[PDB]
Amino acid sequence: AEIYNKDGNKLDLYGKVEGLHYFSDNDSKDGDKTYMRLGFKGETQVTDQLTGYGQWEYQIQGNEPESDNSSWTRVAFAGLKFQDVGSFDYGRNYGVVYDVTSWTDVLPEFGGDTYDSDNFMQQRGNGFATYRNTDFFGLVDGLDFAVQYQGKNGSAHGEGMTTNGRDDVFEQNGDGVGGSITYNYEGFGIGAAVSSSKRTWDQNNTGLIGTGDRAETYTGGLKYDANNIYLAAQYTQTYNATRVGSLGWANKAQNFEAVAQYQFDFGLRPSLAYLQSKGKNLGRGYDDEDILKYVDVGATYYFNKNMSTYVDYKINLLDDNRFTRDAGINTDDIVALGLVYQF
């Protein structure tokens, strides 16, 4: 909600509380998942063509006891935007790959999980320098593109250390570069994204699968978004980039997500989705295995802009086998039930 608009600056303080419960035969996925999100979005007019901006968003778990409660920053970035020239921002932000994979990340609770946070340039991550150009310098309506650099986020100790080092190898990265292009016309959308990040020494030298010099991704995507209908599909091919449970990464992974949704005038929005991550030549005697495979059925009822409720049903199609047990991957179904206040 816009709580300030005055003398060239405006500020939106926004947030939600999601009363959320998971039901599953997998006990680690069963029970209270209530949480809160909170952020600010600030925009200042410097000149008629130049705006300055910043955004910060935080998540705070509401399902924990008071002696041990966890929270985290999702995004935190500052930038400048010049008219018909583009924008630049730096901070914690979304990897440019997400400019396309985001098109299928629209389910009530599940979805968006053929990749992770702090997973190279695929989703949220630290130290993104992002240039964006919208409508191609004002010349081609609907043609957007982005160039992005992500600086090394290394270990907390020793060789490969950065000031913001983290010991979880799955959250590290070397220097990376990526780009995205998207074209939208009359509700139809086509898009493509590529990224290439150097892998750190720790990532290649702690005995995990899916090692090599570089983590790489190539994504194609399509969407239709008009007349109350939302259709979208993304295909992504990754190398040393896609996490395979606790085992490491996939030497090669083939990822696919498709979604269909409809919005009835009275407020109900049914949803049907399919997601799949296919691991190829994984190593360690595993060969080809599904990392992820599920169908998703759900519905959100929107009372108005500030209040909604939903059910999301993940029909988990993975078989319980050696690989999924070793990897620690959930092969059970989950139902999510939520009641959501936002401002």
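All residue numbers are counted from 1 along the displayed sequence.
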Comparing 236-244 with 79-87, the one whose average Cα B-factor in the PDB entry is higher: 79-87
What stretch has the higher average Cα B-factor here, 265-273 or 89-97? 265-273
From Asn119, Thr134, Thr73, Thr130, pick the one with the largest CA B-factor in the entry? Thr134
Hey, out of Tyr149, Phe170, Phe110, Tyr185, whose CA B-factor is highest in the deposited coordinates? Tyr185
Considering only modelled residues of the same chain, in which third does the CA B-factor of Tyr294 rank: lowest, middle or highest? middle
Grab the CA temperature factor for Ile60 from the record and place it in the lowest, middle or highest third of its chain. lowest
Which third of the chain holds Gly54 when residues are ordered by C-alpha B factor: lowest, middle or highest? lowest
Compare the C-alpha B factor of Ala226 with those of the other modelled residues in its chain, then answer lowest, middle or highest third. highest
Where the record places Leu139 (Cα B-factor, split into thirds across the chain): highest
